[PDB]
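One structure below.
Chains as they are written, first to last, in the numbering used here: chain F, -1 to 28; chain V, 170 to 384; chain X, 818 to 865.
Spelled out as C-alpha cells, the structure:
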C-alpha cells in the first residue's frame, strides 16, 4: 500500500496521492 | 541528481506545419532556471531561451513555449526549412548541470528513386593483394533504404561498409555508400558482382552491376 | 517566541518544495530567539 501521512517514506514505499517523499510523507500547498 | 527525459526523439515536419516538443522532468522544479539550446550541423550550440519564456537576441518572433510545474514545451508556429536541427533542455541543481537527450527535426519533400553507380576496384589495390567494390547511392528520399550484394547470384553480406549522410539543405534528400571489400584471389574466382537498391518508391530493385569485360 | 516556534513546527509538517522557496525562510527565522531569551539583551533592547 501507499504510505499514510506522517510515516517515514523511502525509495520502495512511496506516499499516497498529493504528497512528496522527503524522508517522510509531507503534504503540499492548498 | 535530477534527470530529464524528452519526447519524441525523432519527428519530421513540412513548412506550414506547427510543431511542439517536450522536456519531461523527474521532480518539481521552479521556472526561473530552465534553458533551451539549438545545435545545427557541426556548430557548437547556442543559447535559445532564457528563463523558460523570455527570448534571446537574434530570435524571430515565431518562437515561444511556456508552462509551469513539471512539464515544459517549445512550440514553433510557422516552421521554416532551416529548423531541421537538434535541441536541448537544461536544468540547474544543487551543484550540478544536467542537460537533456536530444530532439531532432527533419524537412519533408517529394519521393524519389535512388541514383546508383557502382565502381570497380582500382589497379593499385590489385597490386596490394586486395579489392574493394564500392556502390554509391546518392540523392534519395527518404533515409530508409536497404541494399544487397550478389556475386553470381549468391547473396553475400560479409564485408559490407555502410555509412549514411546528413540531411542536405539543398534538396532534403539523402546519400549512402556501400562497400564490398574482397581479396585478390576472391575477386578472380567469380565473374559478376551486383549491388541492388530496394526502396519503397520502386517495387522492382534496379540493378547496376559490372562484369569482367577487360577486368 | 510562541509565534516563531509555531511557524517552525508548521514548516515541520509541510514540505520545502522546490517550486516554492517560501518555507525555508520560516526555518531560518528561528535565530531571533537568541535575542529574546536572554533577559539582559531584552533589557538593553527595551532601553534602545
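Positions of the beta carbon are idealized from the N, C-alpha and C atoms, including for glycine.
Residues bridged to residue i by DSSP?
i: residue 331 (chain V); result: V:347
i: residue 216 (chain V); result: V:206
i: residue 365 (chain V); result: V:317 and V:376
i: residue 192 (chain V); result: V:175 and V:241
i: residue 307 (chain V); result: V:284
Taking DSSP as the reference, what is the three-state secondary structure of residue i?
i: residue 186 (chain V); result: coil
i: residue 865 (chain X); result: coil
i: residue 353 (chain V); result: helix
i: residue 27 (chain F); result: coil
i: residue 852 (chain X); result: helix
i: residue 175 (chain V); result: strand
i: residue 4 (chain F); result: coil
i: residue 12 (chain F); result: coil
i: residue 837 (chain X); result: coil
Are the CB atoms of residue i and residue j nearer to each other than 8 Å?
i: residue 333 (chain V); j: residue 326 (chain V); result: no
i: residue 352 (chain V); j: residue 300 (chain V); result: yes
i: residue 346 (chain V); j: residue 288 (chain V); result: no
i: residue 377 (chain V); j: residue 285 (chain V); result: yes
i: residue 256 (chain V); j: residue 272 (chain V); result: yes
i: residue 197 (chain V); j: residue 834 (chain X); result: yes
i: residue 282 (chain V); j: residue 359 (chain V); result: no
i: residue 222 (chain V); j: residue 240 (chain V); result: no
i: residue 262 (chain V); j: residue 171 (chain V); result: yes
Report, in whole angstroms, the separation of the C-beta atoms of residue i and residue j, which I expect to be a contact under 8 Å.
i: residue 224 (chain V); j: residue 190 (chain V); result: Not really, about 16 Å apart at Cβ, beyond 8 Å.
i: residue 258 (chain V); j: residue 192 (chain V); result: 4 Å
i: residue 366 (chain V); j: residue 316 (chain V); result: 6 Å
i: residue 178 (chain V); j: residue 207 (chain V); result: Contact flag wrong, Cβ pair sits at about 16 Å.
i: residue 824 (chain X); j: residue 846 (chain X); result: 7 Å
i: residue 275 (chain V); j: residue 336 (chain V); result: 6 Å
Exercise for the section: Any chance you could list the alpha helix (DSSP H) runs of at least 4 consecutive residues sitting entirely within the stretch 227 to 305 of chain V, in chain order? Expected result: Unbroken alpha helix (DSSP H) stretches of 4 residues or longer found wholly inside the stretch 227 to 305 of chain V: 292 to 296, given in chain order.
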